[PDB]
Asks: 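First the structure, then my questions, so here it is.
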Number of protein chains: 6
Amino acid sequence: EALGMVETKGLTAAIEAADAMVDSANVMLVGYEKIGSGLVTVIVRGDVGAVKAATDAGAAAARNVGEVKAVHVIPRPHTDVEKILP
Amino acid sequence: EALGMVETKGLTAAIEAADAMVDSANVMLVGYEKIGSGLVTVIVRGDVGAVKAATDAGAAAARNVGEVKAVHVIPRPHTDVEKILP
Amino acid sequence: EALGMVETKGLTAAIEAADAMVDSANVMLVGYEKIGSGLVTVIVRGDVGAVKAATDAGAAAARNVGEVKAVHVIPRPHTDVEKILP
Amino acid sequence: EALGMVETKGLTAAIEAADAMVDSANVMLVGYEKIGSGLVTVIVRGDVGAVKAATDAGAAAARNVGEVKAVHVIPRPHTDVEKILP
Amino acid sequence: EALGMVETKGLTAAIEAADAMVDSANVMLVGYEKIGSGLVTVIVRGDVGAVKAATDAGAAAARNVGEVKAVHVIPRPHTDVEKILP
Amino acid sequence: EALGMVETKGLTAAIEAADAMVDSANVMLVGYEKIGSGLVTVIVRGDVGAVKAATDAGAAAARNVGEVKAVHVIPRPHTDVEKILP
């Protein structure tokens, strides 16, 4: 099941993008990851359609609050990637 | 209950925002987070009114001391958001 | 009791603040906190008069060494803020 | 065996690179390394042909998400270097 | 018990400063501290005259190799400052 | 014995420096250090000639992959300096 990622500079922008991503026809919040330098990545999992819609809504929400750095969907992620997710 | 956040660049400004918010209204200080690049977010919970007054006061007190980067209120935060809060 | 904070760019200016502050007066050096972007916050506790004199003395001294980003005293922080302080 | 590294600005680009790499060939995902200013290095091991396939796949995928900082393959790292690798 | 500090951006410049300061009557190398962001402070202890000379020589040598951010001596450090040294 | 360091901005350029260094001369790779802001130091030990050959070769290989921030040799490091090396 697909993975939506929204990365911001700023935690308030990340919390808002998360809030905005989980209403959703089945996407749950996995968590966020800090890599230092003010950069926060929020990660959701769900079916590709709601995930695509959810990550778009996250980026638009976060953009109101802060700086959005990356927006991305991985529709069919490999098993091995799991081991690098929060 | 509602969620409030004030994100500052600087820890001194954040501690002032925190102290100003809890004296301004019936909110509870949930905690603060650091994400690097000098970014510190303080987070409060309470009803939507008290969180709105608390953030405005916390922003205003922080601005007297340091840089405020974001002020935001989530009036009805989704259950999944509990996951990623201090 | 009272809270004093001198925030500097770089560790050398923070060591200088700390030394000036604990020399100053009857106050306890708690330590310092890193928040990224080279910022270091020095934290002391003591009676309000000493913490006032000490943060004055710390800021003055740090300024001779490098950049002082913030200086603040909170005479009587709220109990919930105490929970989040270093 | 060979060593493959793709280095990106940000975690969202690094996760894309990582997914693309393990998906594209018979390589083992080691993990990733944070080094500050937002830079993340993804590291993979496998035979030289697959590592060349995977680092190519990884870097082209990541360019669509964010900035790629380095792309490199070491067919046969020295023993002393094996010692210091993730 | 005087304290010499040289703060560099970059570890090579710091190692070079350390090696140039200790060649010196009695000044001993205390250690170095990283605060993130590329910033390293080298700290020496010894008598005031030899520490002033050591830190001037260390800053000169470090500037040959990298960027020097602060240079400072505290002639008579308070005993509580030891708490925040590496 | 002599001391060689190459400091890169980027982990990928540092691994390349380390590999090129030990394939260049009779050096031991002591290890690498991270200090934030993308800066990685690779350190080698050996007689002065080899350490000079190695750092030149490590620098030259890293530059084909990323930025080199510093290249330095200490031919006769003070014994005090061994305490701060990895």
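Just so it is clear, the values below take in all heavy atoms, side chains as well, and ignore hydrogens, waters and symmetry mates. The chains referred to below are lettered A, B, ... by the order of the sequence lines, with proteins before strands, and numbering in each begins at 1.
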Asks: Where the side chain of A:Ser24 meets the backbone of A:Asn26, is there a donor-acceptor pair that is under 3.5 Å apart?
Replies: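 Not confirmed, A:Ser24 side chain does not pair with A:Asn26 backbone.
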Asks: Check salt bridge (charged side-chain N to carboxylate O under 4.0 Å, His left out) between A:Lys83 and all other residues, then give those that pass, not counting sequence neighbours.
Replies: none
Asks: Just jot down the side chain to side chain contact (heavy atoms under 4.5 Å, CB included) partners of B:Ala17, sequence neighbours excluded, or say none.
Replies: B:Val6, B:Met21, B:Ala62
Asks: Determine the minimum heavy-atom distance between F:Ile35 and E:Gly10, stating which atoms define it.
Replies: CD1-CA, 3.5 Å
Asks: Can you name the closest pair of heavy atoms from D:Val42 and D:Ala18 and give their distance?
Replies: CG1-CB, 3.9 Å
Asks: Can you name the closest pair of heavy atoms from B:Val40 and B:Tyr32 and give their distance?
Replies: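 Minimum heavy-atom separation between B:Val40 and B:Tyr32: CG1-CD1, 3.8 Å.
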Asks: Restricting to non-hydrogen atoms, name the atom on F:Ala50 and the atom on F:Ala25 that form the minimum distance, rounded to 0.1 Å.
Replies: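 For F:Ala50 and F:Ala25, the tightest heavy-atom pair comes out as O-CB, 3.5 Å.
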Asks: Got a second to check how far E:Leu11's CG is from F:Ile84's CD1, nearest 0.5 Å?
Replies: 7.5 Å
Asks: Would D:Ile74 and F:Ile15 count as a side-chain contact (heavy atoms from CB on, under 4.5 Å) if you check the C-alpha gap in whole Å, the side-chain angles of each, and the deciding distance to 0.1 Å?
Replies: CA-CA 9 Å; D:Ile74 303 184; F:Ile15 309 315; 3.9 Å; yes
Asks: Do B:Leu3 and B:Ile43 pass the side-chain contact (heavy atoms from CB on, under 4.5 Å) test, and can you show the C-alpha distance, the side-chain angles, and the key distance before you say yes or no?
Replies: CA-CA 7 Å; B:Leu3 169 72; B:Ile43 292 161; 3.3 Å; yes
Asks: Got a sec, which pairs hit salt bridge (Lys or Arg N to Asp or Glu O under 4.0 Å) with one end in residues 41-51 of chain A, sequence neighbours left out?
Replies: A:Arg45-A:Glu82
Asks: For the backbone of B:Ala70 and the side chain of B:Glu7, can you confirm whether one donor and one acceptor N or O come within less than 3.5 Å of each other?
Replies: no
Asks: Going by heavy atoms in the side chains, are A:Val68 and A:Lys9 under 4.5 Å from each other?
Replies: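 A:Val68 does not reach A:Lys9 side chain to side chain.
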Asks: For A:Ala61 versus A:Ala20, what's the shortest heavy-atom pair and its separation?
Replies: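 Closest heavy-atom pair between A:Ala61 and A:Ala20: CB-CB, 3.5 Å.
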Asks: Sequence neighbours left out, what pairs pass salt bridge (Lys or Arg N to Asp or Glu O under 4.0 Å) with at least one residue falling in residues 12-32 of chain F?
Replies: none
Asks: How far apart are the closest heavy atoms of D:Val30 and D:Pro86, and which atoms are they?
Replies: CG1-O, 3.3 Å
Asks: Does a side-chain heavy-atom distance below 4.5 Å link A:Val71 with A:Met5?
Replies: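 They are not in contact (no side-chain heavy atoms under 4.5 Å apart), so the answer is no.
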Asks: Do the side chain of B:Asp80 and the main chain of A:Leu29 share a donor and acceptor less than 3.5 angstrom apart?
Replies: yes
Asks: Quick one: list whatever passes salt bridge (charged side-chain N to carboxylate O under 4.0 Å, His left out) with F:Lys34, sequence neighbours left out.
Replies: D:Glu33
Asks: Indicate yes or no for a side-chain donor-acceptor contact from A:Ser37 to the backbone of A:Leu39 under 3.5 Å, with no hydrogens or angles considered.
Replies: no
Asks: Per the salt bridge (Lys or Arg N to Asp or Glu O under 4.0 Å) rule, what does the pair list look like for residues 62-72 of chain F, sequence neighbours excluded?
Replies: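 Listed by first then second residue: F:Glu67-F:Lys69.
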